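Presented below, as C-alpha cells, is a lone chain in the form deposited in one PDB entry.
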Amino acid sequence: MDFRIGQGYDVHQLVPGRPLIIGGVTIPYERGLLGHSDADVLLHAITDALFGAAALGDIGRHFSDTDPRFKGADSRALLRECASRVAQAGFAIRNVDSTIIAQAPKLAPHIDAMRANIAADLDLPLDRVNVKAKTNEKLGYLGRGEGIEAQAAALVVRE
C-alpha cells in the first residue's frame, strides 16, 4: 500500500527540417521537433513522471547529454532504462496517463501505436497506459504550431 505519484512535463520547438517523433511513432509532417536525439516530448514527460514517483530526480540527472553511455540512445531506450531503475529502487508501475498538446497534425490515428510502444517499454498491460491528444485552440506558441508539449502522470507502488 506504499503508493507514490509522479508528474512530468516536456516541450520542444517545432520547425521544418527534422522528423516528427512522438511516443516512438514517426509522423509525416512539414515540421519536426528540435532537440537532442529524437526529441520525443511524450516519452520524456513519461520518463520524468516515473523518476518523480520514485523520488529519483529527473531525466537530466540520469541521462546527461554529455554521458557517453547514452550518446546514441533514443528516447525509448531512455524510457526502458528509467523503468529498470524504478524497478531496482523497489517500485512497480501501476499506470501512466498523458496528454500531447499540438495544434497540428492530427495525432488520433497514432495513439494506439504510441500506447503499444510505451506499454512494451514499461512491461505494462496495455490497459494501464493512456495517451490523450488535443490542440491549444490556436492560443500561444503551441496554438501557432511553434512547439509541442507533453504532460504525464504516473502511479507506482513500493513492493
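Only residues modelled in both forms are compared. One-based numbering along the sequence shown. Rigid core: the largest C-alpha set superposing within 1.5 Å between the two forms.
May I ask you to compare 58-66 and 97-105 by their mean CA B factor in the entry and name the higher one?
The recorded data point to 58-66.
For the higher mean C-alpha B factor in the entry, choose 36-44 or 120-128.
The deposited B-factors put 36-44 ahead on the C-alpha mean.
From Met114, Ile27, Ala133, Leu50, which pick has the Cα B-factor that tops the rest in the entry?
In the PDB entry, the greatest C-alpha B-factor among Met114, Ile27, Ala133, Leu50 is found at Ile27.
If you rank every modelled residue in this chain by C-alpha B factor, which third holds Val157: lowest, middle or highest?
Tercile = middle for this residue's CA B-factor.
In what follows, reference is made to the form deposited with a small molecule bound, a form of this protein that is not presented.
Can you work out whether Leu78 and the small molecule are in contact in the deposited complex, taking contact to mean some heavy atom pair no more than 4.5 Å apart?
Flag for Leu78 set to yes.
Since only the chain is shown here, I'm wondering whether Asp67 would be in contact with the small molecule in the deposited complex (any heavy atom pair within 4.5 Å).
Residue-level check for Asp67: yes, a contact with the small molecule.
Counting only non-hydrogen atoms and a 4.5 angstroms cut-off, does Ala89 reach the small molecule in the deposited complex?
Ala89 lies outside the contact set for the small molecule.
Using a 4.5 Å heavy atom cut-off, which of 24-32, 89-97, 120-128, 59-67 contacts the small molecule in the deposited complex?
Within 4.5 Å of the partner lies stretch 59-67.
With the core superposed, find the residue in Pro125, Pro109, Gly57, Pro68 that moves its CA 2 Å or more between the shown form and the other one.
The only residue crossing the 2 Å threshold is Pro68.
Flagged pair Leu33/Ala73: C-alpha distance shifts by 3 angstroms or more in the deposited complex. Which direction, closer or farther?
Closer, not farther.
Since the Cα-Cα distance for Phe70 and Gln13 shifts by 3 angstroms or more in the deposited complex, is it a contraction (closer) or an expansion (farther)?
Pair moves closer in the deposited complex.
Would you please work out which stretches of at least three consecutive shared residues show Cα displacements of 2 Å or more throughout between the shown form and the other one, after fitting on the rigid core?
Shifted segment: 66-73, the only one.
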